[PDB]
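This report concerns only the one structure given below.
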Amino acid sequence: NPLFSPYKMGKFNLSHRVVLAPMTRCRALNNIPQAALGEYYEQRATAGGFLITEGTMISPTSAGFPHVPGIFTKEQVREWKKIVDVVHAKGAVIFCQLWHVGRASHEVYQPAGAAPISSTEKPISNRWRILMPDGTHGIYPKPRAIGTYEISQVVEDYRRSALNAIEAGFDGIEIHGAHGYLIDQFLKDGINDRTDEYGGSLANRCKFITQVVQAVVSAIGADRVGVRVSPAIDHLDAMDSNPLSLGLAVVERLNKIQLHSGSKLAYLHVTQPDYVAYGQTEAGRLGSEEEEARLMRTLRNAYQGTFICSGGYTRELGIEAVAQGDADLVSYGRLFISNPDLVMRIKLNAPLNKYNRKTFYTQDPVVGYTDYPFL
Amino acid sequence: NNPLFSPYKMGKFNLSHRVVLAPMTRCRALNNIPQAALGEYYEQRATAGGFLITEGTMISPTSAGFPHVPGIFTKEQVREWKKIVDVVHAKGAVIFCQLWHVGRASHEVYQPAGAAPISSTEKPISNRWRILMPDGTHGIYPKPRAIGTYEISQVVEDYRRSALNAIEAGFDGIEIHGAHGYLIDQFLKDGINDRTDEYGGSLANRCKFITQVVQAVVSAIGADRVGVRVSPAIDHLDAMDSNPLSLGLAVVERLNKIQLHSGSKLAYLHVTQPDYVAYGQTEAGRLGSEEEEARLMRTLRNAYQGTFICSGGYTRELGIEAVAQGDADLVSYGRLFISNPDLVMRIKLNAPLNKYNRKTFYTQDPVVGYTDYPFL
Ligand SMILES: NC(=O)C1=CN([C@@H]2O[C@H](COP(=O)(O)OP(=O)(O)OC[C@H]3O[C@@H](n4cnc5c(N)ncnc54)[C@H](OP(=O)(O)O)[C@@H]3O)[C@@H](O)[C@H]2O)CCC1
Ligand SMILES: Cc1cc2nc3c(=O)[nH]c(=O)nc-3n(C[C@H](O)[C@H](O)[C@H](O)COP(=O)(O)O)c2cc1C
Ligand SMILES: Cc1cc2nc3c(=O)[nH]c(=O)nc-3n(C[C@H](O)[C@H](O)[C@H](O)COP(=O)(O)O)c2cc1C
């Protein structure tokens, strides 16, 4: 089983290749990490296994979900420290995902009810609804388009939060640049309508994510920085006219950063739509051999370093990914929600618990969080 | 006792088990003419008292968007279909012909005089989807032509004539392919139908076309020989709707009314399940979980006065639970039936199943990947 061959992720000697994908769960009451997060990650940690935390706030304006953790205050650092200590006592490596939602927010999640910030003034269309603190779903408002200086301050918010993660004992951080959030709002040409140095060409639309990654690489080292992107996911109206083009341009920038710095990033982490059920339709699988369909392999081939694939992977699919060189590591989201011992289950090829969408974003520290049973 | 093998009275048709061959385009009907290979293919899969639904069958020269799909709009096609039906009936199976117009899901290569495909709209399917071309490449859907009410009535007439033709060929009945973004679904879904006449806008307006199609075929061959297939929640070919449950319920109410007005029940309602599963997103008109998906299916079933067939990713275990819980009366299987000619028997005995080869789903070979899948 290739999933359980060791892999050297930069400075971290992993004993297997099953990764916990980052997953917002909203148990961090008042944006402060709670003891329950420690129990949740401890359940899923394994000796030599890699974990990536739920998206974590980098500033008071970065939230778009209720009760998600921050790491921009020293109070949060102290609470994260206790969670990190418990995961490390199980021998796992854990990275903190740094998350700014950009325009995917609401006045209720913003200080003084301010407008959320983005690359643009265009709001997410009404095709999408935001989860509200009361449990209803609200409308995405009109965001404020930020100037060059505010962009530098946001970059500094990434830098300071990476430093805060190291201060909490995290082995590294992951830059959330996927799923139509702030970084994706600069990447995707379906969103970025700027005419300044951050908009227009492929090159200009990559400047934000380049500035963010370089800032954190300089602060804590390339080998403690992972970068997550989703060029082929159109979440929250974040589609690009050429996701192949955009993926390769990101890969180029990551390679140049690694070359300029003399060291490799911890990994590139690419996540894709899950098309598991498109086989049941007449035309669902037509086009599967086009280059744009082979995007995951194209980016892997162009990238120098560790590659984590994500989106719809199973035990069988993840084994195949590693053995074919499509990826070095495979991250699992939904399966890890309901299977705390997913690593053991994948190893034994044991049955897998089903997950419950209703309890993905509730505040209960136990129900739908830590009460999914072990084998 | 396996509930899949308790008998079922689907109108005047007495079935021995509830495992159904789902309708499956396979492209062996060279030049749109049923060939002997279809006879062998359907015979291999027929069982005593089993129900087979054929591949989508063209109702007119404009109705095709795959190569070498059969038609049933010529008498030559009727004659060749008759030999296939006879072979299936020889084994005691019930078989319905699925009548299928692809609408905008076509290409000039498939249309008379290279004309534009017809649809409710002039909007093409997006570049997220492809068409199978005759040479086996995957191509781009072109811009369709939106038809007026008179042309709509002529399409209705095509269905009616093709339904009469199927019964003439000996088919026990027909199925209306009103699902998966094809012509009928292009009228149903408000993600496709941007019309402003009496066929567009409101739900009732958007259900006009399928109502007239079903009523025409019902009146021509009798309601108990008509099945209706829909897919209210589906990504396929951009066929999304802002409210799939309410769209589904409105179709069900029209079917219930057609039944009450004609004094008889349709053969069945056939619903396919979504081609997706959510990942914690919140999109207008997308089902958010398998639970929301399951409730949608059962809500449609409970609202419909008659037989319910469910399809889309079913296994032996999920089919048994579906019938056991009363969520469906019959379960149609597609891909597993491609690779297991004796799928029914394998499900009865809980035997291992053959893998299937997607590569030969749509080739023209009369044997390879069609009839050479082994029996138990
Ligand atoms: N004894 C067996 O192993 C049997 C397996 N069966 C099926 O026959 C096929 C056997 O071939 P395989 O063992 O080499 O697996 P493969 O076809 O290469 O793909 C495995 C899964 O990945 C799915 N999958 C494929 N391509 C894509 C894609 N682009 N995007 C997302 N998902 C995809 C695929 O769906 P479809 O095969 O397209 O219907 C399938 O569910 C499989 O589809 C398998 O599920 C029947 C029952 C018996
Ligand atoms: C409840 C939930 C929360 C998620 N939160 C995040 C997140 O905070 N950051 C992120 O990059 N991806 C997030 N994702 C996406 C997952 O990390 C992962 O890419 C996706 O679920 C991959 O699908 P898989 O379940 O097939 O493994 C989340 C997914 C779910 C279902
Ligand atoms: C190769 C192939 C061809 C199909 N052709 C048709 C068709 O012509 N008409 C239709 O309504 N559905 C068609 N379908 C969808 C199937 O009828 C059925 O709903 C689907 O296979 C889902 O069930 P499964 O998991 O058992 O394969 C087709 C599916 C496949 C895989």
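Note on naming: chains are A, B, ... as they come in the structure tokens, residues start from 1 per chain, ligands start from 1 in the order shown.
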What's the 8 Å shell around residue B:82, counting only C-alpha atoms, without same-chain residues fewer than 2 positions away, as a PDB file with C-alpha atoms, in the first residue's frame?
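Result file follows (out.pdb):
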```pdb
ATOM      1  CA  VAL B  78     -40.155  -0.236 -36.799  1.00  0.00           C
ATOM      2  CA  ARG B  79     -39.430  -3.441 -38.752  1.00  0.00           C
ATOM      3  CA  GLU B  80     -35.932  -3.839 -37.313  1.00  0.00           C
ATOM      4  CA  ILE B  84     -35.492  -7.238 -31.189  1.00  0.00           C
ATOM      5  CA  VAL B  85     -38.795  -7.036 -29.304  1.00  0.00           C
ATOM      6  CA  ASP B  86     -39.720 -10.558 -30.408  1.00  0.00           C
ATOM      7  CA  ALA B 169     -43.144  -2.626 -33.427  1.00  0.00           C
ATOM      8  CA  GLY B 170     -44.482  -4.692 -30.503  1.00  0.00           C
ATOM      9  CA  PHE B 171     -43.055  -2.691 -27.590  1.00  0.00           C
TER      10      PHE B 171
END
```
Considering only C-alpha atoms and all ligand atoms, give me a table of residues in chain B that are at most 12 Å from ligand 2, with the closest atom pair and distance in Å for each, as a tab-separated table.
```
residue	atom	partner	partner_atom_place_in_ligand_line	distance
B:276	CA	ligand 2	26 (O)	11.8
B:277	CA	ligand 2	26 (O)	10.0
B:278	CA	ligand 2	31 (C)	8.2
B:279	CA	ligand 2	31 (C)	4.6
B:280	CA	ligand 2	31 (C)	4.7
B:281	CA	ligand 2	31 (C)	7.8
B:282	CA	ligand 2	31 (C)	11.3
B:288	CA	ligand 2	31 (C)	10.8
B:289	CA	ligand 2	31 (C)	10.5
```
Enumerate as an MDAnalysis selection string the residues within 8 Å of ligand 3, counting only C-alpha atoms and all ligand atoms.
-> (chainID A and resid 279:282) or (chainID B and resid 22:26 54:57 98 100 177:180 229 272:273 311:315 332:337 358 361:362)
Helix (DSSP H, G or I) call set, DSSP backbone run, stretch 168-338 of chain A, as number ranges by chain = A: 182-187, 202-205, 207-220, 222-224, 243-261, 276-280, 295-302, 315-323, 334-338
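The list of chain A residues within 8 Å of chain B is residues 126, 127, 128, 129, 130, 235, 274, 275, 276, 277, 278, 279, 280, 281, 282, 283, 284, 286, 287, 334, 357 and 360 of chain A; this uses only C-alpha atoms.
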Check the DSSP output for the backbone and give back, as a PyMOL selection string, the residues of stretch 18-201 of chain B in strand (DSSP E).
-> chain B and resi 19-21+51-58+94-100+118-119+131-132+138-139+145-146+173-178
Find the residues near stretch 61-63 of chain B: any atom within 7 Å, counting only C-alpha atoms, skip ones fewer than 6 places away on the same chain, and give them as number ranges by chain.
-> B: 100-103, 111-112, 117
With N, CA and C atoms kept, could you save the residues just selected as a JSON list (two decimals), in the first residue's frame?
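The resulting file, again-v2.json, is shown below:
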```json
[["chain", "number", "residue", "atom", "x", "y", "z"],
["B", 100, "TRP", "N", -36.65, 9.93, -27.27],
["B", 100, "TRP", "CA", -35.58, 10.80, -26.82],
["B", 100, "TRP", "C", -35.30, 11.87, -27.87],
["B", 101, "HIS", "N", -35.52, 13.14, -27.52],
["B", 101, "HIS", "CA", -35.09, 14.27, -28.33],
["B", 101, "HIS", "C", -34.08, 15.07, -27.51],
["B", 102, "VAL", "N", -32.89, 15.29, -28.08],
["B", 102, "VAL", "CA", -31.79, 15.91, -27.33],
["B", 102, "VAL", "C", -31.85, 17.43, -27.34],
["B", 103, "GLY", "N", -32.68, 18.02, -28.17],
["B", 103, "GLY", "CA", -32.76, 19.47, -28.15],
["B", 103, "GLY", "C", -31.43, 20.08, -28.52],
["B", 111, "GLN", "N", -27.64, 16.93, -37.63],
["B", 111, "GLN", "CA", -28.90, 17.55, -38.00],
["B", 111, "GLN", "C", -29.09, 17.56, -39.52],
["B", 112, "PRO", "N", -30.34, 17.46, -40.01],
["B", 112, "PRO", "CA", -30.56, 17.51, -41.46],
["B", 112, "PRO", "C", -30.03, 18.82, -42.03],
["B", 117, "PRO", "N", -29.31, 22.76, -34.08],
["B", 117, "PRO", "CA", -30.18, 22.01, -33.17],
["B", 117, "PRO", "C", -31.31, 22.90, -32.66]]
```
Determine the nearest neighbour of residue B:16 from the options B:104, B:261, B:316, B:348, counting only C-alpha atoms.
-> B:348
Contacts of residue B:238 at 10 Å (only C-alpha atoms; same-chain gap of 5+ positions) as a PyMOL selection string | chain B and resi 124-126+128-129+180-181+186+189+191-192
Coordinates-based distance that separates atom CA of residue A:96 from atom CA of residue A:30 (Å, one decimal) | 18.2 Å
For stretch 256-263 of chain A: contacts at 8 Å, only C-alpha atoms, fewer than 3 positions along chain excluded, given as a ChimeraX atom specification = /A:214,222-223,252-253
Produce a file of the selected residues containing C-alpha atoms, as a CSV table (one decimal), in the first residue's frame.
```
chain,number,residue,atom,x,y,z
A,214,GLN,CA,6.9,35.4,-0.3
A,222,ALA,CA,9.8,28.0,2.7
A,223,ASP,CA,9.9,24.5,4.2
A,252,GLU,CA,5.7,29.2,-12.1
A,253,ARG,CA,5.5,31.8,-9.3
```
Any idea what's packed within 12 Å of residue A:42, counting only C-alpha atoms, ignoring anything in its chain fewer than 2 positions away? Could you give it as a ChimeraX atom specification?
-> /A:20,35-40,44-47,49-51,53,82-94,340-341,370
Go ahead and write the residues just picked, N, CA and C atoms, as an mmCIF file, in the first residue's frame.
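Result written to selection09.cif:
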```cif
data_model
loop_
_atom_site.group_PDB
_atom_site.id
_atom_site.type_symbol
_atom_site.label_atom_id
_atom_site.label_comp_id
_atom_site.auth_asym_id
_atom_site.auth_seq_id
_atom_site.Cartn_x
_atom_site.Cartn_y
_atom_site.Cartn_z
ATOM 1 N N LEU A 20 -5.028 15.184 6.755
ATOM 2 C CA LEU A 20 -6.294 15.799 7.135
ATOM 3 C C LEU A 20 -6.432 17.119 6.386
ATOM 4 N N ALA A 35 -11.064 23.996 23.935
ATOM 5 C CA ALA A 35 -10.538 22.664 24.238
ATOM 6 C C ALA A 35 -11.097 21.596 23.299
ATOM 7 N N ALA A 36 -12.318 21.796 22.798
ATOM 8 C CA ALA A 36 -12.924 20.808 21.911
ATOM 9 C C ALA A 36 -12.110 20.625 20.632
ATOM 10 N N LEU A 37 -11.530 21.709 20.107
ATOM 11 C CA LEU A 37 -10.670 21.573 18.934
ATOM 12 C C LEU A 37 -9.492 20.670 19.247
ATOM 13 N N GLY A 38 -8.981 20.747 20.481
ATOM 14 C CA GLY A 38 -7.915 19.847 20.880
ATOM 15 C C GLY A 38 -8.353 18.398 20.861
ATOM 16 N N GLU A 39 -9.580 18.128 21.314
ATOM 17 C CA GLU A 39 -10.062 16.752 21.302
ATOM 18 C C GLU A 39 -10.291 16.264 19.876
ATOM 19 N N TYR A 40 -10.790 17.146 19.009
ATOM 20 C CA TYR A 40 -11.080 16.795 17.620
ATOM 21 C C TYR A 40 -9.806 16.446 16.854
ATOM 22 N N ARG A 44 -7.883 12.575 15.443
ATOM 23 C CA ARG A 44 -7.464 12.299 14.081
ATOM 24 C C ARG A 44 -5.944 12.284 13.896
ATOM 25 N N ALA A 45 -5.177 12.717 14.889
ATOM 26 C CA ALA A 45 -3.729 12.681 14.757
ATOM 27 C C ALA A 45 -3.228 11.246 14.841
ATOM 28 N N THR A 46 -2.181 10.953 14.069
ATOM 29 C CA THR A 46 -1.482 9.677 14.099
ATOM 30 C C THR A 46 0.014 9.958 14.164
ATOM 31 N N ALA A 47 0.784 8.950 14.574
ATOM 32 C CA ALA A 47 2.232 9.105 14.701
ATOM 33 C C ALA A 47 2.853 9.222 13.313
ATOM 34 N N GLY A 49 1.664 11.384 11.049
ATOM 35 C CA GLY A 49 0.641 11.852 10.140
ATOM 36 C C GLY A 49 0.563 13.367 10.110
ATOM 37 N N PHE A 50 0.153 13.896 8.964
ATOM 38 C CA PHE A 50 0.084 15.332 8.738
ATOM 39 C C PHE A 50 -1.363 15.810 8.863
ATOM 40 N N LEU A 51 -1.561 16.881 9.623
ATOM 41 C CA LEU A 51 -2.860 17.510 9.815
ATOM 42 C C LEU A 51 -2.797 18.963 9.366
ATOM 43 N N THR A 53 -5.149 22.447 9.812
ATOM 44 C CA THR A 53 -6.282 22.950 10.613
ATOM 45 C C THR A 53 -7.367 23.594 9.761
ATOM 46 N N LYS A 82 -2.161 25.136 23.332
ATOM 47 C CA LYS A 82 -2.606 23.964 24.076
ATOM 48 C C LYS A 82 -3.079 22.873 23.135
ATOM 49 N N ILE A 83 -3.726 23.268 22.038
ATOM 50 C CA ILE A 83 -4.166 22.320 21.022
ATOM 51 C C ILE A 83 -2.968 21.729 20.288
ATOM 52 N N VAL A 84 -2.015 22.572 19.902
ATOM 53 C CA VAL A 84 -0.814 22.064 19.248
ATOM 54 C C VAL A 84 -0.084 21.074 20.146
ATOM 55 N N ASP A 85 0.022 21.377 21.449
ATOM 56 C CA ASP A 85 0.752 20.489 22.353
ATOM 57 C C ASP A 85 0.146 19.091 22.368
ATOM 58 N N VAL A 86 -1.175 19.002 22.272
ATOM 59 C CA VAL A 86 -1.854 17.715 22.375
ATOM 60 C C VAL A 86 -1.683 16.908 21.099
ATOM 61 N N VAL A 87 -1.698 17.586 19.953
ATOM 62 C CA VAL A 87 -1.470 16.904 18.685
ATOM 63 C C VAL A 87 -0.032 16.406 18.603
ATOM 64 N N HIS A 88 0.916 17.223 19.063
ATOM 65 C CA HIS A 88 2.327 16.851 19.037
ATOM 66 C C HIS A 88 2.635 15.687 19.973
ATOM 67 N N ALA A 89 1.897 15.569 21.078
ATOM 68 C CA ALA A 89 2.062 14.426 21.969
ATOM 69 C C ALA A 89 1.649 13.117 21.308
ATOM 70 N N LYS A 90 0.900 13.170 20.201
ATOM 71 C CA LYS A 90 0.585 11.972 19.434
ATOM 72 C C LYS A 90 1.537 11.765 18.265
ATOM 73 N N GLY A 91 2.540 12.625 18.109
ATOM 74 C CA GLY A 91 3.538 12.425 17.084
ATOM 75 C C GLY A 91 3.176 12.953 15.717
ATOM 76 N N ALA A 92 2.112 13.746 15.602
ATOM 77 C CA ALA A 92 1.681 14.290 14.325
ATOM 78 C C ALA A 92 2.342 15.638 14.043
ATOM 79 N N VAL A 93 2.379 15.983 12.772
ATOM 80 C CA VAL A 93 2.750 17.306 12.287
ATOM 81 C C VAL A 93 1.459 18.058 11.997
ATOM 82 N N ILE A 94 1.395 19.335 12.358
ATOM 83 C CA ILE A 94 0.161 20.098 12.149
ATOM 84 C C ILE A 94 0.501 21.480 11.599
ATOM 85 N N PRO A 340 -12.737 9.421 12.713
ATOM 86 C CA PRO A 340 -11.568 9.954 13.426
ATOM 87 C C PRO A 340 -10.323 9.141 13.169
ATOM 88 N N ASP A 341 -10.465 7.823 13.110
ATOM 89 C CA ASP A 341 -9.374 6.903 12.784
ATOM 90 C C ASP A 341 -9.389 6.558 11.301
ATOM 91 N N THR A 370 -16.892 15.288 17.823
ATOM 92 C CA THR A 370 -16.011 14.285 18.414
ATOM 93 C C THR A 370 -16.713 12.972 18.718
#
```
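With only C-alpha atoms and all ligand atoms as the atoms that count, the minimum distance from ligand 1 to the choices B:373, B:339, B:67, B:360 is reached by B:339.
Using only C-alpha atoms, the contacts of residue A:72 at a cut-off of 10 Å, with sequence neighbours closer than 3 positions omitted, comprise residues 56, 57, 58, 59, 60, 69, 75, 76, 77, 157, 158, 160, 161, 162, 163, 164 and 165 of chain A.
Atom CA of residue B:269 is positioned 6.1 Å from atom CA of residue B:307.
Proximity ranking of A:146, A:266, A:317, A:168 relative to residue A:12 places A:266 first, based on only C-alpha atoms.
Residue nearest residue B:211, chosen from B:345, B:198, B:225, B:251 and counting only C-alpha atoms: B:251.
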